[PDB]
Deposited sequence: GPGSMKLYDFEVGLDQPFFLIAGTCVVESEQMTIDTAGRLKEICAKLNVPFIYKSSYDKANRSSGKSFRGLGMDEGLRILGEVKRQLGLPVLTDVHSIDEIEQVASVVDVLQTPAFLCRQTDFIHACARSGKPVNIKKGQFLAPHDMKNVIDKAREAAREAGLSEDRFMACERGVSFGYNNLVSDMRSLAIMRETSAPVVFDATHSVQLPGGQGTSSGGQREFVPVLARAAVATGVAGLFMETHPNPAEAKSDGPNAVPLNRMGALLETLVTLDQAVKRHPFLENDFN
C-alpha cells in the first residue's frame, strides 16, 4: 500500500518521509523560520517533508501561513469530532490521538473528512489490531465516496508495566498487513507516561532499519536552551546529521526486498 500524499508518494517501497515540528511554541514569525530551516535541511537530502503544528484558531491560522509561505504540506492532531471540519479545511493530513484509535465515531469522522489520516495505534493495542481499525476507516471512506488509500498506521509505543512505553520493532513489520504505510513516532515512543531525548536517535535508527514509510520526530529550535532534561526533541542543528544516517539506513534496507517477506 503505497499511496499519494501531497505531491509525493509514500510507502514501504518508497524513500521514507519525515514529519517534524517543534517541541516549543514560537511566535508566528519564528514558527515560519523554523519550518523554513527544516524545509532546507530535508530539501538538501531529498527527504520528503511534512510540517507538524506546535499546537486553536490561531494555531491553525499560522499553519495556514506555513503552508502558504513555504509551500509545505502540514499536519495536525485533531482531538474531537467537532474540530474536524475546521482543521481539515486548513491542513493536508489529520493525525488522531492514540487513545482514540477505537473511538469509531471519531476515527470515521476523520476518515470521511476528505483529507488523509495518520492513525496512531493506541498503547493498549496489539499490532494485529490495527488491521481492523484501518479496514473500518476504509469502509467509512468508501461510504463517503472517498478513495480508500488515504490512511497510515502510526506506531507510538505500547504500555510496558507502569509509566513506560516500549517500542516493539515487530509491530512495524506486522502492521504491513494493513496495506497502509507505517509511520514510526520516535518522539512519543520514548516518552514516559521529557528527559529521554537520548533515545530518539536510537529508536529512529532502529525503526528505519526495520523498514517504514515514514518517521515523526520533534525538534528543538533553540539548541542554546535544549537540555537533556527537556523535551524528547532532537536539537534542530543536529537534525541534518541524523537524517543523513537515516537516509543511508533506509536506502540499505529498501535496496532489496525485506527478507522476512522473501
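In sequence order, the gaps in C-alpha coverage of the deposited chain fall at 1-2, 58-72, 211-217, 287-288.
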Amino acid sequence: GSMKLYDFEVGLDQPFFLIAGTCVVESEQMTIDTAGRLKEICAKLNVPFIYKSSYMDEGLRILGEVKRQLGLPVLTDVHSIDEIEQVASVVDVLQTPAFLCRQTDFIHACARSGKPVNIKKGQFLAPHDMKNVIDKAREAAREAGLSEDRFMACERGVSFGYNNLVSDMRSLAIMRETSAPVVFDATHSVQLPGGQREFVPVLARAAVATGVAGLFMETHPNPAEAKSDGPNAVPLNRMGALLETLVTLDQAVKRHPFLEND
From here on, numbers count along this sequence of modelled residues.
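Stretches 82-90 and 114-122 differ in mean C-alpha B factor, with the higher average recorded for 82-90. Look at the mean CA B-factor for 123-131 and for 184-192 in the entry; the higher one is 184-192. Across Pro231, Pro235, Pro201, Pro48, the greatest Cα temperature factor reported in the deposited entry is at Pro231. Across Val247, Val253, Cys23, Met239, the entry's maximum B-factor at the CA atom is seen for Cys23. The deposited CA B-factor of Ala207 belongs to the lowest third of values across its chain. When the modelled residues of the chain are ordered by their C-alpha B factor, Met217 lands in the middle third.
When all modelled residues of the chain are sorted by CA temperature factor, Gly71 is found within the highest third.
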